[PDB]
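What follows is one structure encoded as structure tokens, with my remarks underneath.
Chains as they are written, first to last, in the entry's author numbering: chain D4, 1 to 459; chain BJ, 3 to 173; chain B1, 6 to 57; chain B4, 65 to 128; chain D5, 1 to 331; chain BK, 64 to 123; chain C2, 2 to 120; chain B8, 2 to 158.
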């Protein structure tokens with residue numbers, strides 16, 4: 001695994017000692033090389049995980065997320081120019097090295113063994129997101145966005161540390177195996193309820209669950225495109241990965257103590273799909289869409305079926321790709337007109353007649369068009385929750401209906417019917433945005449063909 | 003190829019149509035021309051590819067493992083017995099699921115080949131399906147997501163103790 | 006053509022380096038060379054190895 | 065611009081917690097949640113007690 | 001028979017060249033309408049043969065291959081089945097669509113966006129075919145949402161015209177209420193018969209079946225313009241003419257009753273089920289015939305007539321007579 | 064270096080590799096085991112996966 | 002935990018510390034310390050306006066040397082401290098057998114733990 | 002750019018200078034500026050409009066924005082995202098609203114009651130059940146190979 005760690009380090013002094021018109025080719029080329037390098041990883045088989053050291057290992061939950069990270073970096077690094085190429089050379093170099101240090105801590109986080117090391121790398125994942133979104137937050141409340149951001153994430157993720165240290169010095173060390181092979185059930189004293197509440201509540205904050213999603217919309221409407229793609233895809237599915245691991249302990253009380261959170265997630269899934277039907281600020285619709293899919297994720301995690309975990313990891317990866325793509329398209333439209341509002345920039349079936357093809361394709365994946373992965377995820381989660389109860393399918397289907405209608409509203413609102421004909425500045429599509437769309441939607445359809453890779457440990 | 007022992011087939015049954023017409027028989031003309039004009043060149047090409055691959059020989063071996071003992075012959079915490087125990091158990095778990103898959107494919111083949119008389123001469127295969135799936139339902143069903151081995155043995159002990167109390171009360 | 010530019014050659018050198026170091030670390034981690042109950046044959050035919 | 069800034073950012077200022085605001089807040093925010101909570105308790109306690117009797121149709125119910 | 005399976009699979013795969021062709025050509029073929037028409041004609045003449053072989057003797061066969069995510073106790077391969085309905089419906093739909101290809105060669109003489117129009121129309125045909133053929137029920141769900149979304153695009157062909165995309169919004173919404181019914185049906189079959197495949201459903205016939213039958217009923221009354229969920233139909237007539245013709249001649253209009261036809265062994269019994277069937281269909285038929293009087297737009301009239309005939313087919317499923325309803329579909 | 068070396072090579076490399084999580088191994092192993100348990104009469108898929116001789120119920 | 006022969010004066014490295022294995026050449030921790038020293042010299046260029054990577058090469062070599070040295074002595078002290086903690090633990094184990102009794106290995110043929118299924 | 006005092010804190014009071022300010026700000030007639038009022042629901046000081054307004058505004062005026070009936074400077078009714086045509090069409094109906102709902106509920110209620118009258122009273126053409134050949138066509142229903150014969154016969158009548 002250090003074979004992946006150390007070139008990701010050595011991609012950083014690269015970016016320092018290149019120059020003008022010289023940083024870019026090196027960073028992008030070598031980051032794609034690292035993407036092939038971790039495409040080499042997928043060996044994982046049968047009996048257990050595979051151990052990359054006395055220290056690192058990979059569950060098959062961790063392999064597709066890790067490959068998704070190393071896929072998503074060069075895409076991002078191409079995507080985040082033309083809104084900062086006119087800024088200074090030193091600040092631009094600082095930006096690229098910030099993202100590389102970010103990816104380094106994400107690989108550190110996904111290939112963890114010890115949950116304390118996982119926690120350190122969790123908040124080391126946090127601190128570059130802050131600096132990026134505050135330094136290029138590009139609107140007047142990036143202040144409040146970063147402030148809300150860091151205090152929700154830390155003050156939720158703070159007692160998680162205390163609970164894990166307590167488990168450390170009541171049950172020996174913290175390999176995931178020695179967390180396994182030695183876990184004994186823990187009954188319903190109220191201390192157990194608070195310990196479960198601490199761990200699950202910290203990751204609930206990071207998903208988000210419904211009562212703590214106003215963390216999100218400021219932190220995506222006032223972000224640059226790089227930090228937004230980072231934040232959405234890698235950080236929300238990182239929180240889900242954490243709960244997916246540490247739910248191995250504390251199964252004998254999760255049944256008794258899981259009832260409020262499921263109901264919060266269900267009624268909030270309906271409410272969030274409703275609230276993204278009427279907002280302006282098109283950038284924020286993807287954020288509330290993300291809360292809807294993560295609410296479905298949380299339903300899938302708290303029910304504990306192998307069906308549910310297969311659906312959960314597929315829904316993770318497909319929603320990560322959908323949201324990262326759709327953020328990149330919304331940034332394309334904001335590069336066109338300086339609005340961010342929804343009802344302004346209209347028309348565009350006429351003009352840029354193939355930008356609309358990518359809008360159509362992403363909108364139908366967010367619909368969950370059926371050969372895609374997102375329907376695989378949502379369908380298996382609905383199967384598992386119907387075996388959970390004979391009643392919840394009202395909520396899931398009504399989620400499907402309202403999800404269809406807001407996603408279609410995003411499609412046919414801004415890109416259908418009449419150009420406002422006082423725009424007269426939009427350029428025909430560059431090669432770059434076409435390349436970014438091409439890098440999103442080739443792997444989504446290629447996994448739509450052969451998806452046995454991305455299903456979880458309980459394959 | 004496969005083992006026809008484990009994938010049984012019903013014995014073949016085919017009649018010969020005897021017109022009793024004078025148009026006659028367009029589809030016979032078409033199927034003879036089909037065989038002569040489709041089935042000949044692919045036969046020659048498969049001959050060619052068969053020689054080109056049988057010029058040198060490979061083999062792939064069916065992998066086989068041993069039998070490390072059990073969870074019941076493992077000590078308190080003592081990982082180095084439990085590790086072999088659980089990998090032995092989990093490989094039995096995967097092969098047991100695929101046995102269920104094979105029973106279900108037999109059941110589908112019986113549905114299609116026996117035709118619209120459903121309940122004729124699939125009922126022994128239906129019988130063994132309900133038998134094996136009663137076993138699977140009793141043994142691996144309600145353990146949930148983090149099945150390791152210990153919940154499996156807990157289900158085992160608790161089940162047979164409940165049955166022991168039931169037969170003690172019935173006697 | 007190495008002294009033309011050495012910037013671009015760095016990350017495969019680093020990749021080979023980390024790969025070599027993981028080889029050395031797992032070969033320092035050479036306990037239980039044959040002592041499993043499930044993978045245990047004799048050393049054969051010549052030199053005393055089953056994974057390196 | 066004026067409509068958008070009125071619609072989103074000029075909500076939280078301005079506000080005071082009135083009887084109408086607090087009443088409708090606790091009604092349309094907590095009401096459906098607590099209602100759905102009790103009905104899923106009821107359905108789950110039915111199904112748990114019923115398969116605790118053992119007379120459910122789970123003769124083959126593998127895909128749980 | 002190798003001839004039988006070979007000719008059916010090439011009736012599939014002949015509908016797969018032209019999309020990849022103008023996705024790969026970029027040198028604009030002038031002969032593109034003639035090309036799509038002649039491949040639909042060749043698919044027709046390949047489809048005439050094995051249906052006549054089927055009526056000639058029987059030999060009634062399924063294909064099943066390329067299993068992907070054979071995960072737990074279940075499995076799912078791409079698989080489709082030649083019995084009677086998916087056997088000899090496909091010539092009628094190909095024949096109708098072949099004539100509409102002619103008619104849209106002429107009718108759409110005056111648009112440069114004609115090539116994309118034929119790509120969408122052939123794509124809609126592919127999805128209607130993979131809907132009507134399959135027995136692996138996930139593939140049916142694939143065909144379901146694909147014919148829904150091709151209906152969306154070809155209703156909203158003429159962009160502009162705020163009434164048109166309004167209408168397309170109604171169409172895709174009632175498709176999703178068909179989807180909530182259909183996925184409830186899939187839920188019950190998975191959790192109580194360890195698969196979702198037609199054959200094992202028929203093999204192990206259950207007793208209590210009211211929840212999946214209500215799901216299937218919701219699927220049909222969403223999909224095929226029946227009462228309560230009907231009025232996306234003049235809405236569907238907002239679009240262009242040959243789109244509307246194919247949309248409500250055979251393809252996409254019969255997919256609601258196609259499913260209830262396909263589950264005739266399950267809807268043998270449960271007289272509560274057959275009562276729901278024929279009472280709902282009689283309601284649809286009277287309401288759309290009563291609404292069909294005093295109308296003056298032609299396409300609204302023809303659509304209301306097609307809703308009336310579909311209500312007759314719902315009544316025909318209400319009586320235990322599925323094959324007459326299939327006869328009604330083709331005629 | 065983004066499609067011409069990544070995309071099609073990744074398509075080959077993940078289109079096939081060995082039996083990821085022991086799939087076809089399990090197919091053929093179950094084939095041979097069910098053929099054995101037909102060819103020696105004993106019932107296929109014995110319930111009670113652990114041996115009841117090596118079990119000890121606690122008592123009342 | 003407390004000295005433990007503060008009697009027996011402060012004694013930065015005891016003469017009983019010449020039995021442990023020393024930290025070897027190019028051990029990774031002092032390699033990290035040298036990286037920190039290189040970075041310290043680099044920011045030492047960077048505070049004032051003297052240019053980075055150059056015109057300070059004696060200072061870079063100086064900071065590398067000094068930090069690697071100080072880390073070397075502290076690595077030796079660190080290894081000694083863990084050695085004395087382990088030996089005192091095992092001495093208190095062997096000193097009283099009366100209070101750390103041998104847990105006889107109840108193997109899993111007889112150990113009873115309940116089930117509590119997640120449906 | 003955008004002035005600080007073109008945002009909008011606080012409702013109506015006091016009526017001289019604040020209503021003059023909102024009339025200068027939102028570009029309206031002075032005594033047609035209506036705040037909501039202040040029940041504290043948020044809502045700031047944005048106007049009330051006549052609220053239907055989109056199957057209104059007859060389409061031959063030839064304003065600026067063609068599919069929205071805008072004129073670049075109207076103060077833009079608060080709930081506009083619910084009123085783009087394609088979302089909610091509030092036409093003046095050809096009949097009423099009350100007459101509509103009473104007749105629709107009446108028709109569907111009467112027809113469902115007639116369905117219940119059908120459900121209690123079937124038709125049948127007067128014919129007994131069929132004469133299945135082997136014991137109500139046994140052995141070819143659900144199974145039962147040698148368990149029990151179920152003797153029931155048919156007579157020529």
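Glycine included, each C-beta is placed from N, C-alpha and C at the ideal position.
Min CB distance residue i to chain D5 below 8 Å
i                      : result
residue 244 (chain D4) : no
residue 86 (chain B4)  : no
residue 68 (chain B8)  : yes
Contact with chain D4 by residue i, beta-carbon distance below 8 Å
i                      : result
residue 119 (chain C2) : yes
residue 82 (chain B8)  : yes
residue 111 (chain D5) : no
Whole-angstrom distance between residue j and residue i, CA atom to CA atom
i                      : j                      : result
residue 402 (chain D4) : residue 103 (chain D5) : 37 Å
residue 96 (chain BK)  : residue 134 (chain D5) : 32 Å
residue 229 (chain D4) : residue 440 (chain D4) : 12 Å
residue 84 (chain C2)  : residue 92 (chain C2)  : 12 Å
residue 46 (chain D4)  : residue 85 (chain BJ)  : 14 Å
residue 361 (chain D4) : residue 349 (chain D4) : 14 Å
Short CB-CB distance (under 8 Å) between residue i and chain BK
i                      : result
residue 448 (chain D4) : no
Same chain, Cβ closer than 6 Å to residue i, neighbours up to 5 away in sequence not counted
i                      : result
residue 208 (chain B4) : Residue 208 (chain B4) cannot be examined here, being either before or after the span of chain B4 that is shown, 65 to 128.
residue 168 (chain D5) : 152, 155, 156
Nearest residue (CA-CA) to residue i, options the options
i                      : options                                                        : result
residue 108 (chain BK) : 140 (chain BJ), 66 (chain BJ), 144 (chain BJ), 77 (chain BJ)   : 140 (chain BJ)
residue 105 (chain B4) : 399 (chain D4), 362 (chain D4), 259 (chain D4)                 : 259 (chain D4)
residue 454 (chain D4) : 436 (chain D4), 311 (chain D4), 344 (chain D4), 414 (chain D4) : 311 (chain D4)
residue 27 (chain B8)  : 65 (chain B8), 139 (chain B8), 8 (chain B8)                    : 8 (chain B8)
residue 195 (chain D5) : 304 (chain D5), 73 (chain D5), 154 (chain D5), 272 (chain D5)  : 73 (chain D5)
residue 14 (chain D5)  : 27 (chain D5), 87 (chain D5), 129 (chain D5)                   : 129 (chain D5)
Beta-carbon contacts of residue i that lie in its chain and below 7 Å, excluding the five residues immediately before and after
i                     : result
residue 35 (chain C2) : 65, 68, 69
Closer than 8 Å to chain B4 by CB, residue i
i                    : result
residue 9 (chain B8) : yes
Any chain BJ beta carbon closer than 8 Å to residue i
i                      : result
residue 103 (chain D5) : no
residue 241 (chain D4) : no
residue 251 (chain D4) : yes
residue 62 (chain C2)  : no
Check: residue i C-beta below 7 Å from any heavy atom of the ligand GTP
i                     : result
residue 33 (chain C2) : With respect to small molecules bound, the structure shown includes none, and the ligand GTP cannot be examined in it.
Min CB distance residue i to chain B8 below 8 Å
i                      : result
residue 119 (chain BJ) : yes
residue 75 (chain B4)  : yes
residue 125 (chain BJ) : yes
Buried versus exposed, by CB contacts within 10 Å (16 or more), residue i
i                      : result
residue 139 (chain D5) : buried
residue 176 (chain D5) : buried
residue 316 (chain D4) : buried
residue 119 (chain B4) : exposed
residue 126 (chain BJ) : exposed
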